[PDB]
Amino acid sequence: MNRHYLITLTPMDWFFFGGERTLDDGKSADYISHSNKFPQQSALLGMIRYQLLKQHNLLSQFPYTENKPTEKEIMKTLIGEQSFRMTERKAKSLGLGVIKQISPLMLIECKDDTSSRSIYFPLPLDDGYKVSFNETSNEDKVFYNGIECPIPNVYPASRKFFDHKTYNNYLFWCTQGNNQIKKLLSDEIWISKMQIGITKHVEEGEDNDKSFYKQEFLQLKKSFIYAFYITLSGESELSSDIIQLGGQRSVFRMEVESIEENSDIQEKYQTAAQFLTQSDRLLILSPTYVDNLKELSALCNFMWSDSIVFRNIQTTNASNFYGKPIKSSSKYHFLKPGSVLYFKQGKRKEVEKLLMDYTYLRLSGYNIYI
RNA sequence: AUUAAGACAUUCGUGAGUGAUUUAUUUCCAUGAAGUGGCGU
């Protein structure tokens, strides 16, 4: 039937998950490139597809080449005809091969024990404060670009009011304790180094395009690994290997573990995130892509949200795999993890319906909440 | 096939130029070539 795996990635060296105004972008190519802390789920999909072809010896080698029909059909049945695409955001099927669903990438801490792994999540933006939202006729009201919404009274749940100077919840990641949420600073998880690189020969070149590039390489602290859950169609197999995930040939180690069958991985991820639940808000655990933010703000009053940029590399089975890849023509803005959507009385169901209507994005571990 | 791939912080560069171990300082101070006669009553 279907087969469920847990896939742990261990950084062998300093990795580089980059992208936005990255190098070789032109328009002041901006040699200084900073690494994103996580890869896009598209990178996860592509890595899975690349390794699936590696196991079956179906990769493209040598300069521009061709394909015979039967290997084309086996690539169809294994990986799919087309990469992760934003245009298929409302397709009810993943449009790929044996891959059905992947959980959002999760940060996992591996203590030196048989003891289980602690799952670390970004700290909710509302953690530490209470939002009361007093609404009995006009007593206070705010317009967000021309929409009526209640007033967000925010107090430190410890009265005073929200001092943005004290606000440091965006710098923390959380995990479950006995009954205390364990807060970890982002620096205690990711260490960064700036690298200076040049081309030695020196030929005719112009700045941002000849030499002298600086890249941010991230290292993940000792006992921390990246993980996700995958469902495969059952006629394939995933083998432990050494992978390339990210930019500048960032090399990782796959440990593929088979979890017991009949296990919906979405329920597993939500069980992991259960300790952050609050009855009055929806916690965004992974980037979300509501097609109308004004529509969402209609039913949510205070959206304690941030934004991340998403851009995808678009390739098919027959594409120049050695060349400037085709990037997604549109830049897609996603809701940062840890974002808080505060809804009206009731009305939770149709905002959840708006969030889950992107079933293709739900399957690629994006619009996940708790 | 993954906002990817490719790229030595490198090429040129003398720890060198100018600059007396020189200036000041009596081998000097004290000091008798001196002392005494002897016998032959």
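Parameters and conventions
- Residues numbered from 1 in each chain as written, not as in the entry; some residues may be left out.
- Chains lettered and ligands numbered in written order.
- Part of a larger assembly, values for the part shown.
- Heavy atoms only, no water.
- Helix = DSSP H or I, 4+ residues; strand = E, 2+ residues; numbered from the N terminus.
- Rg over C-alpha atoms; globule rule 2.2 N^0.38 Å.
- Buried < 20%, exposed > 50% of the residue type's maximum accessible area, 1.4 Å probe, protein only.
- Salt bridge = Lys/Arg side-chain N within 4 Å of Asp/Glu carboxyl O.
- Near = heavy atom within 4 Å.
- Polar contact = N/O pair within 3.5 Å; in protein donor to acceptor, adjacent residues only side chain to side chain.
- Nonpolar A, V, L, I, M, F, W, Y, C, P; charged D, E, K, R; others polar.
- Pairing = 2+ DSSP bridges.
- Contact = heavy atoms within 4.5 Å.
- 1 Å grid on protein atoms, 1.4 Å probe; cavity = no way out; pocket = protein on both sides within 12 Å on 5 of 7 lines; lining within 4 Å.
- Points joined across faces, edges and corners; volume = space filled by probe spheres on them.
- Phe/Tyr/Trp six-rings, centres within 6.5 Å; stacked < 30°, edge-to-face > 60°.
- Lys NZ or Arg CZ within 6 Å of the ring centre and 35° of its normal.
- Arc of directions from axis to C-beta.

Structure determination for this entry is recorded as cryo-EM, at 2.94 Å resolution.

Per the PDB entry, chain A goes by CRISPR-associated protein Cmr3 and derives from Bacteroides fragilis.

Student: Would you take a moment to explain the overall build of chain A for this structure?
Tutor: A tally of helices and strands in chain A yields 6 helices and 25 strands. For a compact globule of 370 residues, the expected C-alpha radius of gyration is about 21 Å, and chain A comes in at 22 Å, within 12% of that figure. Along the first, second and third principal axes, the C-alpha set of chain A runs to 70 × 55 × 45 Å. Expressed as a percentage of its 370 residues, the buried residues of chain A come to 42%.

Student: Sorry, what's going on with the pattern of salt bridges here?
Tutor: Pairing of side chains with opposite charge becomes possible as their charged atoms draw close. Enumeration according to the criterion identifies 12 salt bridges in this entry. As a salt-bridge pair, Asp241 and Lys54 come within 3.4 Å of each other at their nearest N and O atoms. Its relative accessible area of 31% is what places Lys54 among the partly exposed residues.

Student: Before we go on, may I ask you to explain the protein's contact with RNA strand B in this structure?
Tutor: The environment of RNA strand B is made up of 40 residues, and the closest members are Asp24, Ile198, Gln244, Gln248 and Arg249. Each atom of RNA strand B within 4 Å of the protein was classed as base or backbone; sugar and phosphate made up 51%. Within the backbone of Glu20, one N or O atom sits 3.1 Å away from a base nitrogen of RNA strand B. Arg49 is positioned with one of its side-chain polar atoms (N or O) 2.7 Å from a phosphate oxygen of RNA strand B. Here the surface near RNA strand B takes 7 residues from helix α1 (residues 41-55), the largest share from any one element. Tallied by class, residues from the surface near RNA strand B come to 17 nonpolar, 16 polar and 7 charged.

Student: Quick question: what am I supposed to make of unusual backbone geometry here?
Tutor: Excluding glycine, most residues fall at negative phi; most peptide bonds, likewise, are trans. Here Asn57, not a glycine, exhibits a phi torsion of approximately 55 degrees, which is positive. Phi is positive for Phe133, which is not a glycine, with a value near 60 degrees. Locating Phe133 in the fold gives a position in the loop between β8 (129-131) and β9 (142-143). Note on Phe133: relative accessible area 16%, which makes it buried.

Student: Even after reading the chapter, I still don't get the pairing of strand β12 (residues 172-176), so can you show me in this structure?
Tutor: Regular strands show a simple pattern: their side chains alternate between the two faces of the sheet. Of all 5 residues that make up β12, 4 are buried, and the element is covered over most of its length. When strand β7 (residues 118-122) meets β12, the two strands line up antiparallel, connected through 2 bridges. Paired with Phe121 across the two strands is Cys174, which belongs to β12. Between the antiparallel neighbours β12 and strand β13 (residues 181-185) lie 4 residues.

Student: Even after reading the chapter, I still don't get the environment of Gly95, so can you show me in this structure?
Tutor: Considering the arrangement of structural elements, one finds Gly95 in the loop between α2 (69-78) and β5 (99-102). Not counting chain neighbours up to four residues away, the residues in contact with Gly95 comprise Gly80, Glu81, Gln82 and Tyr360.

Student: It is not clear to me how the layout of surface pockets should be interpreted in this structure. Could you clarify?
Tutor: If a probe the size of a water molecule is rolled over the atoms, the empty space left behind becomes visible. Here the second largest pocket defines a volume of roughly 300 Å³. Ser116, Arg117, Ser118, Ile119 and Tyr229 are the residues nearest the centre of the second largest pocket, which is lined by 14 residues in total. At the level of secondary structure, the elements contributing two or more residues to the lining of the second largest pocket comprise β6 (106-109), β7, β12 and α3 (265-273). Along the lines of polarity and charge, the residues of the lining of the second largest pocket split into 8 nonpolar, 4 polar and 2 charged.

Student: Got a minute to help me understand the packing of aromatic side chains in this structure?
Tutor: Summed over the entire model, instances satisfying the criterion amount to 32 aromatic pairs. An angle of 40 degrees between the planes, with centres 5.3 Å apart, marks the rings of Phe302 and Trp304 as tilted. A relative accessible area of 17% places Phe302 in the buried class. An aromatic cluster of at least three residues, connected via ring pairs, comprises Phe84, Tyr289, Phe310, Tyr332, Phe334, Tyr358, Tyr360 and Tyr366. It is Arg362 that lies over the ring of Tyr369; its NZ or CZ is 5.3 Å from the centre.

Student: Help me understand α3 in this model?
Tutor: Counting along an α-helix, one turn takes 3.6 residues, and residues three or four places apart therefore face a common direction. The complete set of buried residues in α3 reads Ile265, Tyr269 and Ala273. Buried residues of α3, seen end-on, are gathered within an arc of 80 degrees and therefore sit on one face of the element. Residues of α3 that are buried sit in contact with β1 (3-11), β5, β6, β7 and β16 (224-232).

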